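Chemist:
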Amino acid sequence: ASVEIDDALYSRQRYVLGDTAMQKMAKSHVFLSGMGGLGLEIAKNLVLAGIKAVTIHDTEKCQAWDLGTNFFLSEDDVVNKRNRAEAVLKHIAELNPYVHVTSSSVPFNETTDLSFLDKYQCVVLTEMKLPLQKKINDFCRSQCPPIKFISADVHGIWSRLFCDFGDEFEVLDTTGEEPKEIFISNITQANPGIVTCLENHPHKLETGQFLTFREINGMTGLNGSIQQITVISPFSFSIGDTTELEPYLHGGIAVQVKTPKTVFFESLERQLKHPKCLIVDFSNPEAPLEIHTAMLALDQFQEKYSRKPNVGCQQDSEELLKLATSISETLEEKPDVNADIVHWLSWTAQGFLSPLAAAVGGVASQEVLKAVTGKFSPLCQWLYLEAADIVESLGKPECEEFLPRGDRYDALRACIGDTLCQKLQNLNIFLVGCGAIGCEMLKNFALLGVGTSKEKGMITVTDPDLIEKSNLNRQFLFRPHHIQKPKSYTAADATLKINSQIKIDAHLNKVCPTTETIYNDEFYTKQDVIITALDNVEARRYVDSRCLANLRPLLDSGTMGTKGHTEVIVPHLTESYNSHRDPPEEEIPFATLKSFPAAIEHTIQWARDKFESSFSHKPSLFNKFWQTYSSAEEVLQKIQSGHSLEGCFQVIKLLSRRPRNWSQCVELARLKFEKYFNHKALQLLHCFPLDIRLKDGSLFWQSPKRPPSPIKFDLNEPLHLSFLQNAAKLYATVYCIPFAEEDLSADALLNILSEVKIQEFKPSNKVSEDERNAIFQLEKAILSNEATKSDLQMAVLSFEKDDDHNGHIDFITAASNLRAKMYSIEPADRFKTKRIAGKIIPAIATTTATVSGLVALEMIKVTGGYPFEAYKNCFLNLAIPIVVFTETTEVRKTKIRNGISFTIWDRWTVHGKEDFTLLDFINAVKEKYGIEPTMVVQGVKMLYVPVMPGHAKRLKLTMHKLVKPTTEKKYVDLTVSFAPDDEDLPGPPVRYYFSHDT
Ligand SMILES: Nc1ncnc2c1ncn2[C@@H]1O[C@H](COP(=O)(O)OP(=O)(O)OP(=O)(O)O)[C@@H](O)[C@H]1O
Ligand SMILES: [Ca+2]
Ligand SMILES: [Ca+2]
Ligand SMILES: [Cl-]
Ligand SMILES: [Mg+2]
């Protein structure tokens, strides 16, 4: 458990799961049976996660039908009749090199001995008969430690997932949240001793919980101790004898210790008779047990007749209903059978829906990780995902639509029908972003057949970014030899490997207004659907605005660690993304960042800002100044003449104080350290001593503020040497100074610093000339030949969180922690500071696969033009686990009294002529739509307000003069507000047309 986890590959996953959990995965061997789409999806997610060893088992040989459900199989494999597991093994191995993947072709029978399974910690079973599953479940739960058991299957549009980790299973962390921290006001010297908490915040503890202690002064003995506590009252608890310990003074933090929690699982047989579920939708509470009855009936039918129901066959469907009614009588609550679920299960049972399998596989993969690590709360036995909304809106369809045509889409055709398959083939989709969700979506397109008709199919994928190692953890199309290559291009070539017929147009562009020429209104109207795999709200709002303008549907999705969400936006049926409450995340006060920090977050922000200011902004301004004003002699002449040059002062100082060699950079780092962590504290203490109190009679340096303490530089201390080394390197690269690791040695730095250290004890600040000083500096520089063109140029650094060599993160961490030490806030690790400073989002493959599969199901509904009832928005948290499906937000229709009602999608149109005035436009809007404009705006430009200066003049002005198109386009779009209400009300966009010629 001392292995070094590769942060370069698993950086985001480490934020989701934690190093300890990953270390447990590094020891885990998992056995997976059945290599259909579901099994391959699960194996893919587990291998990417880093499970030490995955055994891949299948008895069946490749067929054409498999080519539709398997994204690594080939026609060559089908012709040679290779084993499904053996054919795909190298491709799966390529996903994670650290993992060891092995294939088994051993037949699995009742006669077969199950002893071999003892090597594995977890067993996942797909495409296996229920009787043998029960036998393996008994074997696995009877072992000690018990082998954890998962059973997963997808039949048509219905799915079944089961988890049994043993009669007793230990959940080490339930939510994944950091443990709560309590602050100690006092601790008594008594038997038992009593710990007391700050009166502002109660501890909210339990009389049995265990707490660890740190940062106590006086009672130094308690630090590092774990004590089981007894709650005396809110704000007070009893730990144990403290009389022998030294008397308490101040401080102290108590952190709760997570105690392993026991969860109990019943066997597969017991659960089949009496199943357990977490019911999410109380609109349909009985749905899961009805699906359970139908799926169990399907298993009984498979046993009796050794085959699944045929599409259309009434004898088979009637027999399945009989078996379901019998099962319902055996079930404890005598649940009434659902005929629709049984009918559709018989109808689609021979089909396989790949998007649903992607979703189920993501959920099942997370369950495997839960079994081997204990990191999250496990599925409490059953999950029954369904795609019933896809088949319900079709109506009563022709059984011939769902009959095979001898092509790879037979599986999909058995679930959704040939007509919708063809609609998917004849599709124009715009995929904005090609990240984790983008890669999963491209796989789901290739298996669904999207854009495969040559004549009228196209998938447009656009991304500006290049591939990185950290991406490889969750972007399975990309591989290590693709690093530093465009994402869109690489994904397109891989997607073509999955499906040769697919048509993909790949771009390296960013979807912003600058590229609106490439992605114009014509382009959007051509596109049947737009799907956003973005990471920022600004891009989502821009694409949402574009979709609203061109009345096209948008599918939006996102992943945060184990959390995920899907949003479906359909024109004229649902509300759009821009309709949200759009709250800004945070707005730290300048005072709290630059003078009075209270949190490690504040200091990390200050360190990031200092990195950008020192090594990006100032170099950029320096280069721009000298290129704009050419020679230094010309700049001096301009300054003496009296011309105004922006930023002359700072640039001249930088040129005067420019480092020329490594020792100068080391000196600069030392002086900057002194200014940041010594002088700032003393100057703040001078303007504001601890004694001053007058905000409210007698108040200052209260609980929010922290008084600073000066820091004394010691090269022996670790943070000090780290700051010096990384700061000097960064300054040196900015000023193009050559240096070597020999220079970075602490001994060499000590010879530079201690021998030649000028540290004057500066007095407090508070305790024409500047222009002349700059003139003197510039004069001396040009005189000494120091202002050569080479010295008037600097190098600009770009913050890169993912390069350990560059030293950006190490400088930020040292600066943040040194500032924290000054204000006494507790430090943060390098990786925690990296996450905060780089705004890294925790990400894992299971969640992205789950979210993407769900979005693909919604895309199927959108291509069929389904009703509002069918579309569903989703929120998933795989930690709980919970999946919440809600009806999509209904389009809001706003009507002003005696006005035409309007929605986000509607745009009102008014026509213009050569002789037209603002008053004419106002009257025209009132005539056509029944409501009178009381405000007119173009862009940010204000055209009309009734309560404004000179409103009457503007009312009669001609429209062409009032607008300033420049484009001299056929129309200009104006925003309109109406008075009725004591505030103005927004109205639909009004489009004015300059040319009519009628
Ligand atoms: N306006 C835009 N147009 C096109 N692609 C965009 C736009 N904005 C962001 N993207 C892309 O959206 C994708 C989002 O996916 P993802 O979360 O994996 O990003 P990432 O950079 O790989 O994240 P991380 O930094 O955690 O590795 C990225 O490929 C990013 O390049
Ligand atoms: Ca339904
Ligand atoms: Ca990137
Ligand atoms: Cl500075
Ligand atoms: Mg991103």
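Count the sequence shown with full-length UniProt numbering and you get residues 35 to 801, 818 to 1031, 1035 to 1051, in order.
Where is the CB? At the ideal position from N, CA and C, for every residue including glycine.
1. Evaluate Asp-1035 with the Cβ neighbour count: other Cβ atoms within 10 Å of its Cβ, from every protein chain shown; 16 or more gives buried, anything less gives exposed.
2. Since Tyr-553 is in the beta strand (DSSP E), which residue starts that stretch and which ends it?
3. Just list the residues that DSSP pairs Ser-185 with in beta bridges.
4. Which runs of the beta strand (DSSP E) fall wholly inside the segment 408-460 and span at least 3 residues, in chain order?
5. Who pairs with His-91 in a beta bridge, going by DSSP?
6. Can you list, in chain order, the residues of its chain with a C-beta nearer than 6 Å to that of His-754? Leave out the 5 residues immediately preceding and following it.
7. Does the distance between the C-beta of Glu-850 and the nearest non-hydrogen atom of ligand 3 fall short of 7 Å?
8. Going straight from the alpha carbon of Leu-379 to that of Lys-338, what length do you get?
9. Does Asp-147 get closer than 8 Å to chain C when you measure Cβ to Cβ?
10. Inspect the CB distances between the segment 686-694 and the segment 755-769 and report whether three or more fall short of 8 Å.
11. For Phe-683, which residues of its own chain have a beta-carbon under 6 Å away from its beta-carbon, when the five flanking residues on both sides are left out?
12. In three-state terms, what does DSSP make of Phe-1028?
13. Counting beta carbon pairs with one atom in the segment 283-292 and one in the segment 305-317, are three or more of them shorter than 8 Å?
14. At which residue ranges does the segment 234-297 contain complete beta strand (DSSP E) runs of 3 or more residues, listed in the order of the chain?
15. Is it the case that the Cβ atoms of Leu-458 and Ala-421 are separated by a distance below 8 Å?
16. Per the contact definition of three or more C-beta pairs closer than 8 Å, is the segment 204-224 in contact with the segment 936-951?
17. Which class does residue 18 belong to by DSSP, given the choice of helix, strand or coil?
18. Let me confirm a value: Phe-464 is counted as buried when at least 16 other C-beta atoms fall within 10 Å, else exposed. Which label applies?
19. Please classify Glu-211 as buried or exposed, where buried requires at least 16 neighbouring CB atoms within 10 angstroms.
20. Starting from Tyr-1045, follow the beta strand (DSSP E) in both directions and report where the run begins and ends.
21. Would you tell me roughly how many angstroms separate the C-alpha atoms of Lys-430 and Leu-437, rounded to the nearest one?
22. Return the bridge partner residues of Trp-958 from the DSSP annotation.
23. Once the 5 residues before and after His-541 are set aside, which same chain residues still bring their CB inside 8 Å of it?
24. Under the criterion of a Cβ to heavy atom distance below 7 Å, does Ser-591 qualify as lining ligand 7?
25. Whole angstroms is fine: what's the gap from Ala-186's alpha carbon to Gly-52's?
26. Would you say the beta carbon of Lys-477 comes nearer than 7 Å to a heavy atom of ligand 1?
27. Over the uninterrupted beta strand (DSSP E) stretch that includes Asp-539, give me the two end residues.
28. I think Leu-43 touches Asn-507, with their Cβ atoms under 8 Å apart; what is that distance to the nearest whole Å?
29. My assumption, with CB atoms under 8 Å, is that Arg-194 sits in contact with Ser-301. Please give the rounded CB distance.
30. From which residue to which residue does the alpha helix (DSSP H) around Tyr-979 run?
31. Would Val-112 and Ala-127 qualify as a contact pair, given that the criterion is a beta-carbon distance under 8 Å?
32. Can you tell me the Cβ-Cβ gap for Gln-717 and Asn-867, rounded? I've got them flagged as a contact below 8 Å.
33. According to DSSP, is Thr-146 helix, strand or coil?
34. Just the Cα atoms here: how many angstroms apart are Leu-655 and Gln-661?
35. What does a CB cutoff of less than 8 Å around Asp-333 pick up in its chain, not counting 5 residues either side in sequence?
36. Please classify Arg-727: is it buried, with 16 or more other beta-carbons within 10 angstroms of its beta-carbon, or exposed?
Modeler: Well, looking at it:
1. Working through the sequence shown from its first residue, we reach residue 1035 at position 982. Exposed: under 16 other Cβ atoms inside 10 Å.
2. On the sequence shown, position 519 is the one that residue 553 refers to. No beta strand (DSSP E) holds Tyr-553; DSSP gives it neither H nor E.
3. On the sequence shown, position 151 is the one that residue 185 refers to. For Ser-185, which the question treats as bridged, DSSP gives the partners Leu-159 and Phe-196.
4. List check, beta strand (DSSP E) in window: nothing returned.
5. Taking the sequence shown and counting its residues from 1, one reaches residue 91 at position 57. According to DSSP, which records beta bridges pairwise, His-91 is partnered with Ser-67 and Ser-138.
6. Locating residue 754 in the sequence shown gives position 720, counting from the first residue. Residues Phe-747 and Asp-748 of the same chain have their beta carbon placed closer than 6 Å to that of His-754, with the five preceding and five following residues left out of the count.
7. To locate residue 850, count along the sequence shown from 1; it is residue 800. False, no ligand heavy atom lies under 7 Å from that Cβ.
8. Along the sequence shown, one-based indexing puts residue 379 at 345. Along the sequence shown, one-based indexing puts residue 338 at 304. Using only the alpha carbons, I get a separation of about 17 Å.
9. Absent from the structure: chain C. Only one protein chain is present.
10. Counting C-beta pairs closer than 8 Å gives three or more between the segment 686-694 and the segment 755-769, which meets the contact rule.
11. What you label residue 683 is simply residue 649 of the sequence shown in a count that begins at 1. Taking C-beta separations shorter than 6 Å and ignoring five residues to either side along the sequence, the partners of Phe-683 in its chain run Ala-824, following chain order.
12. As a working note, residue 1028 is residue 978 in the sequence shown. Three-state result, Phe-1028: strand.
13. Counting C-beta pairs with one atom in each stretch, the segment 305-317 and the segment 283-292 have fewer than three that are closer than 8 Å, which means they do not touch.
14. The qualifying runs are 244-251, 260-262, 264-267, 270-272, 284-290 and 295-297.
15. Translated into positions along the sequence shown, residue 458 becomes position 424. Translated into positions along the sequence shown, residue 421 becomes position 387. No, the Cβ-Cβ distance between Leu-458 and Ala-421 is not below 8 Å.
16. Using a Cβ-Cβ distance cut-off of 8 Å, the segment 936-951 and the segment 204-224 are not in contact, since fewer than three pairs of beta carbons, one from each stretch, lie closer than that value.
17. No statement about residue 18 is possible, as the shown extent of the chain runs from 35 to 1051 and does not include it.
18. By one-based count along the sequence shown, residue 464 stands at place 430. Under this definition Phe-464 is a buried residue.
19. Mapped onto the sequence shown, residue 211 falls at position 177. Classification of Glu-211: exposed, given that the 10 Å Cβ count is below 16.
20. For the purposes of this step, residue 1045 is identified with residue 992 of the sequence shown, where counting begins at 1. Here the beta strand (DSSP E) through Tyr-1045 covers 1043-1046.
21. As a position in the sequence shown, residue 430 is number 396, starting the count at 1. As a position in the sequence shown, residue 437 is number 403, starting the count at 1. So the alpha carbons of these two residues sit roughly 15 Å apart.
22. Position 908 of the sequence shown holds residue 958. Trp-958 pairs with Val-1043.
23. Position 507 of the sequence shown, counted from the first residue, corresponds to residue 541. If we look at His-541 and ignore the five residues flanking it on each side, its Cβ neighbours are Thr-494, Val-495, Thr-496, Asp-497, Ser-522 and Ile-552.
24. Absence of ligand 7 is noted for the structure shown, with ligand 1, ligand 2, ligand 3, ligand 4 and ligand 5 being the only ligands found.
25. Locating residue 186 in the sequence shown gives position 152, counting from the first residue. Locating residue 52 in the sequence shown gives position 18, counting from the first residue. Approximately 27 Å, taken between the alpha carbons.
26. Reading the sequence shown from its first residue, position 443 is the one you call residue 477. False, no ligand heavy atom lies under 7 Å from that Cβ.
27. Taking the sequence shown and counting its residues from 1, one reaches residue 539 at position 505. Boundaries of the beta strand (DSSP E) around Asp-539: 538-541.
28. Position 9 of the sequence shown, counting from 1, holds the residue named residue 43. Position 473 of the sequence shown, counting from 1, holds the residue named residue 507. Between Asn-507 and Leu-43 the Cβ distance is about 6 Å, and since that is below 8 Å, they are a contact.
29. In the sequence shown, the residue the question calls residue 194 occupies position 160. In the sequence shown, the residue the question calls residue 301 occupies position 267. Actually they are not in contact, since the Cβ atoms of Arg-194 and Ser-301 sit about 16 Å apart, beyond 8 Å.
30. If you number the sequence shown from 1, residue 979 lands on position 929. Membership of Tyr-979 in the alpha helix (DSSP H) is indicated by the continuous run 968-979.
31. Along the sequence shown, read from residue 1 onward, the residue named residue 112 stands at position 78. Along the sequence shown, read from residue 1 onward, the residue named residue 127 stands at position 93. The answer is no: Cβ separation not under 8 Å.
32. Along the sequence shown, one-based indexing puts residue 717 at 683. Along the sequence shown, one-based indexing puts residue 867 at 817. In fact, because the Cβ distance is near 21 Å, the residues do not count as touching under 8 Å.
33. The residue you call residue 146 lines up with position 112 of the sequence shown. Of the three classes helix, strand and coil, the one that applies to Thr-146 here is coil, per DSSP.
34. Locating residue 655 in the sequence shown gives position 621, where the first residue counts as 1. Locating residue 661 in the sequence shown gives position 627, where the first residue counts as 1. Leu-655 and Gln-661: Cα-Cα distance of roughly 10 Å.
35. On the sequence shown, position 299 is the one that residue 333 refers to. Excluding positions up to five away in sequence, the list reads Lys-163 and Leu-164.
36. For the purposes of this step, residue 727 is identified with residue 693 of the sequence shown, where counting begins at 1. Counting Cβ neighbours within 10 Å, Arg-727 comes out exposed, since fewer than 16 surround it.
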